[PDB]
Amino acid sequence: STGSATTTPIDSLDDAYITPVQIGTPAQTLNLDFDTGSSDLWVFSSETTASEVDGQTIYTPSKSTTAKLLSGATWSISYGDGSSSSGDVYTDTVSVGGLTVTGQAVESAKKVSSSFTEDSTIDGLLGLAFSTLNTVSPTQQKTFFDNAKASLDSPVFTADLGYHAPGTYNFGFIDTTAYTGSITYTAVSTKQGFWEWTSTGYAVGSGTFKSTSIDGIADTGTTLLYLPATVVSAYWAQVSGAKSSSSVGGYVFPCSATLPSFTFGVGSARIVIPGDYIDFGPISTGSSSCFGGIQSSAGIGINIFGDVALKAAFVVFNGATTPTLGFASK
Ligand SMILES: O=C(O)CCc1nccs1
């Protein structure tokens with residue numbers, strides 16, 4: 001089997017992407033944030049505290065003839081950005097782009113943090129990291145991809161995120177028309193439960209490529225590119241007027257600037273992030289100070305190849321017995 005679903009930016013900045021997901025019988029379609037940095041499929045629901053729902057579409061398990069409470073199971077997750085959610089668990093039929101999994105754990109939110117409530121466009125998350133990170137207790141549950149893997153034509157999914165445009169998540173096949181050149185594959189460590197890999201270096205604009213190992217994670221659920229302070233300083237030094245602002249929370253630059261590109265290495269291959277992808281616009285409405293899309297990871301503990309980086313590539317998440325990542329230009 002295979003599946004193919006379009007993923008759409010939630011706003012004009014590409015802050016996140018939503019993909020329609022069919023849950024239950026008859027189908028209830030929710031728009032989920034596919035997140036290769038986490039491993040829970042959780043949804044706003046009829047169980048979510050009413051004051052914490054503000055425009056989201058909810059899953060109502062009592063209206064699904066295939067929903068079954070997973071007795072005793074609870075979940076609770078906290079994300080790198082400080083947001084969180086928690087609740088109980090059903091199993092139900094879940095379909096993405098024509099690919100159906102029966103008995104998928106659907107984690108129903110009883111509580112969500114304010115950042116989720118305030119974002120009416122995201123109805124939940126669909127985690128695509130390794131199932132070892134799933135938070136369901138006392139019996140950890142499998143991700144949608146893990147459940148689908150054996151049925152797929154090939155045990156892979158691909159992320160093709162658009163710049164200010166829709167893109168595609170495919171399951172079970174590699175669309176050879178969706179990228180240019182070849183796909184360069186690189187080794188993955190699953191020791192932390194992430195799609196963790198080592199970039200071979202970087203360049204700023206037309207500058208020389210610096211060969212240096214940068215360990216990080218491929219994370220579709222993170223907006224920006226978070227890299228070591230040395231690398232980030234070298235990037236922003238090429239933008240006149242750029243400065244790290246403790247009060248704003250990162251690097252900011254004059255909105256009148258033209259940003260240089262940023263290249264990262266994948267083995268001997270190179271992925272070029274155009275400068276425009278690094279512009280996240282005014283820090284507040286009407287400001288001439290703009291927020292940068294490359295930021296320091298120094299306070300995170302891990303480097304994160306988020307959407308800024310991934311949207312410049314066609315990315316293969318190869319879930320074979322020994323997983324690997326692939327990157328192609330597009
Ligand atoms: O604040 C300043 O010093 C000038 C305007 C800028 N905004 C962002 C970076 S420089």
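Considering the zone a paramagnetic label at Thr176 would reach in this model (a point 7 Å from Cα along the Cα-to-Cβ line), which residues of the range 116-156 have amide N under 16 Å from it? Only 154 pass the distance filter. For the chain, a simple Cβ point-charge model (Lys and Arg +1, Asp and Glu -1, everything else neutral) yields a dipole of about 640 debye relative to the Cα centre. Take the Cβ atoms of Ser137 and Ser189, set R0 to 25 Å, and the FRET efficiency comes out at 0.50.
What share of the DSSP beta bridges in the chain is antiparallel, in percent to the nearest 5? Of the beta bridges lying entirely in the chain, close to 85 percent run antiparallel. The DSSP beta bridges internal to the range 215-330 are antiparallel in roughly 75% of cases. Arranged from fewest to most other beta-carbon atoms within 10 Å of their beta carbon, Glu47, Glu196, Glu107 become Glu47, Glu196, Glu107. Considering only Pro138, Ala159, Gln104, and ranking their Cα positions along the charge dipole of the range 88-196 that arises from unit charges at the beta-carbon of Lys, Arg, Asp and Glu, the one farthest toward the positive end is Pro138.
The alpha-carbon of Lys243 sits under 20 angstrom from the alpha-carbons of these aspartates and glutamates, leaving out residues fewer than 8 places away in its chain: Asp276, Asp279. From the Cα gyration tensor of the range 1-158, with a ≥ b ≥ c the square roots of its eigenvalues, which class applies: rounded if a/c is under 1.5, or else prolate if a/b is larger than b/c, or else oblate? Judged from the Cα gyration tensor, the range 1-158 comes out rounded (a/c under 1.5).
Taking other Cβ within 10 Å of each residue's Cβ, how do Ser84, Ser268 sort, fewest first?
Working: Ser84 15, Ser268 7.
Going from least to most buried by this count: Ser268, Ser84.
Between the beta carbons of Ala298 and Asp15, assuming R0 = 22 Å, the FRET efficiency works out to 0.45 to the nearest 0.05.
So if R0 is 22 Å, what FRET efficiency would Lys210 and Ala257 give, r being the distance between their Cβ atoms, rounded to the nearest 0.05? Intermediate values should be presented prior to the final figure.
On the way: r = 22 Å, r/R0 = 1.02.
Calculated value: 0.45.
Karplus-derived 3J(HN,Hα) values for the range 283-298, using 6.51 cos²θ - 1.76 cosθ + 1.60 with θ = phi - 60°, are 5, 8, 4, x, 6, 9, 8, 9, 9, x, x, 10, 9, 6, 8, 4 Hz; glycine and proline are entered as x.
Between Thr6 and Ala229, the contour length at 0.36 nm per residue exceeds the Cα-Cα span by 76.8 nm. The charge dipole of the range 5-174, taken about the Cα centre with unit charges on the Cβ atoms of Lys, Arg (+1) and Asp, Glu (-1), comes to about 660 debye, rounded to the nearest 20. Separation of the alpha carbons by more than 23 angstrom is noted, of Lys110/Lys149; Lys68/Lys110; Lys63/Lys149, for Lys110/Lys149; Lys63/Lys149.
Segment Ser78..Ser113, full-extension length gain: 11.6 nm, with 0.36 nm per residue of separation and the alpha-carbon distance subtracted.
Per-residue ellipticity at 222 nm computed for the chain from its helices equals -1500 deg cm²/dmol, with DSSP H segments shorter than 4 residues left out and the rest contributing -39,500 (n - 2.57).
Between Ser233, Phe317, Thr198, the Cα set farthest toward the positive side of the dipole of the range 175-330 (charges on each charged residue's Cβ, about the Cα centre) is that of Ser233.
The string of couplings for the range 182-187 from the Karplus curve (6.51, -1.76, 1.60, θ = phi - 60°) is 10, 8, 9, 9, 9, 5 Hz, one whole number per residue in order, with x for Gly and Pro.
Taking amide hydrogens as placed 1.01 Å from N in the peptide plane, the amide H of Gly221 sits under 5 Å from those of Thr36, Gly37, each at least 5 positions away in sequence or on another chain. Rank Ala16, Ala309, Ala298 by mean-square fluctuation in a GNM of the chain with C-alpha springs under 10 angstrom and give only the top-ranked residue. Most flexible of the set in this elastic network: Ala298. Name the shape class, rounded, prolate or oblate, that the alpha-carbon gyration tensor gives for the range 106-175, where a ≥ b ≥ c are the square roots of its eigenvalues, rounded holds for a/c under 1.5, and otherwise prolate holds if a/b is larger than b/c and oblate otherwise. Oblate, since a/c reaches 1.5 and b/c is not below a/b.
Between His164 and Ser288, residue separation times 0.36 nm minus the direct Cα-Cα distance comes to 42.5 nm.
Heads up, the Cβs are rebuilt from the backbone with ideal geometry, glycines too, and the neighbour counts pull from every protein chain shown. Each reported figure results from applying straightforward, stated rules to the coordinates on display, with no laboratory input.
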